[PDB]
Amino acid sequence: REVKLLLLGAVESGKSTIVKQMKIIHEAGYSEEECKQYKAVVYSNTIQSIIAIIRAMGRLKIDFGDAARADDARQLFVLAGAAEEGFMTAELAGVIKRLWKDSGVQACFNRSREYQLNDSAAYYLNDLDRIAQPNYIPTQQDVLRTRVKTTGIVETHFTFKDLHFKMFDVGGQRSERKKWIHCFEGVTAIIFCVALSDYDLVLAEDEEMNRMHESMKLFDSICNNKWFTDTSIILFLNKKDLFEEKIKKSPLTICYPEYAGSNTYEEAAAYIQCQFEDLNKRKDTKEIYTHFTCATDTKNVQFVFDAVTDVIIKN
């Protein structure tokens, strides 16, 4: 039997990451010379992250801890504002390192909810020593942590439990098209991704438009959509890892001011699940299957997928 799966969700919820995890787990996986192809993405990802923080400092009126840093800030734009592709040298690596390490820079970094910063900003920056190497070759995790906007509809075929799957990633924009989406009316299952860590984030261009709400609004559209009653709805409350760390310093009340529980991972996460599951009108007939995930964690996606597949077979 062939199972069709449609990944839906806002931008940066983890869709391509899950697609990548399917290749790694169910297919070949990323080869040494396949990883080399992201050597660049990794550099580009890293350069942009640091530039964003440095650029935010001004916007937020934050000062370097050391003034000799301003000379490094200037040097970053010279090396970056010269190259056209993501590269990496030893001088560049020094600049970035000294900046990363700076107190004023760390201060701006801890107020990242105020600006737009790649989630993996910190990961690449804390391993610059390693990714900066002359022969550096990205690892699977480095590839799973990259950030590439998928414009087209991506798909994958893998086999699992004598079942052949066909995953479709349409992206955020197309998840929205109320009409278009109709072309997918018979889908076996739909995996809807939500980024838990977005609760205290604003949607850039909109800057006052909370993202979790935007996702909540989209979940509502699909969930209660005529074309998917016969379609299973799986909810991946993704980024549980960054949520665990954020929740202990950024209250849920920022997202849900009516929240009265306490701000612990267990209570707050449960509050988010409920808010989503409750958007389901046909709650009588239709059941939503929720899962807390970490798309970059291959062990998690695997355990979790085994679970998803066990449900699809059952119904």
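One rule holds for the numbers: they count along the sequence shown, beginning at 1.
*Asks:* Pick between 202-210 and 187-195: the one whose mean CA B-factor in the entry is higher.
*Replies:* Comparing 202-210 with 187-195, the higher average CA B-factor belongs to 202-210.
*Asks:* I need to verify one thing: averaged over C-alpha atoms only, is the B-factor higher for 141-149 or for 227-235?
*Replies:* Looking at the recorded C-alpha B-factors, 227-235 comes out higher on average.
*Asks:* Between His157, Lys179, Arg98, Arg130, let me know which has the highest C-alpha B-factor in the entry?
*Replies:* Highest C-alpha B-factor among the listed residues goes to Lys179.
*Asks:* Can you tell me which of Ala73, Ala121, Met167, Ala83 has the maximum CA B-factor listed in the PDB entry?
*Replies:* Among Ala73, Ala121, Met167, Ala83, the PDB entry lists the largest C-alpha B-factor for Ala83.
*Asks:* Considering every modelled residue of the chain and its Cα B-factor in the PDB entry, is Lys161 in the lowest, middle or highest third?
*Replies:* It belongs to the highest third of the chain when residues are ordered by C-alpha B-factor.
*Asks:* Lowest, middle or highest third of the chain for the C-alpha temperature factor of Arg55?
*Replies:* Its C-alpha B-factor belongs to the lowest third of this chain's values.
*Asks:* For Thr264, return the chain-relative third of its C-alpha B-factor as stated in the PDB record: lowest, middle or highest.
*Replies:* Middle third, going by the recorded CA B-factors of the chain.
*Asks:* Using the B-factors in the PDB entry, rank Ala40's C-alpha atom against the chain and give the third, lowest, middle or highest.
*Replies:* As the PDB entry reports it, the C-alpha B-factor of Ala40 lands in the highest third of its chain.
*Asks:* What third of its chain's C-alpha B-factors does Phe87 belong to: lowest, middle or highest?
*Replies:* As the PDB entry reports it, the C-alpha B-factor of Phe87 lands in the highest third of its chain.
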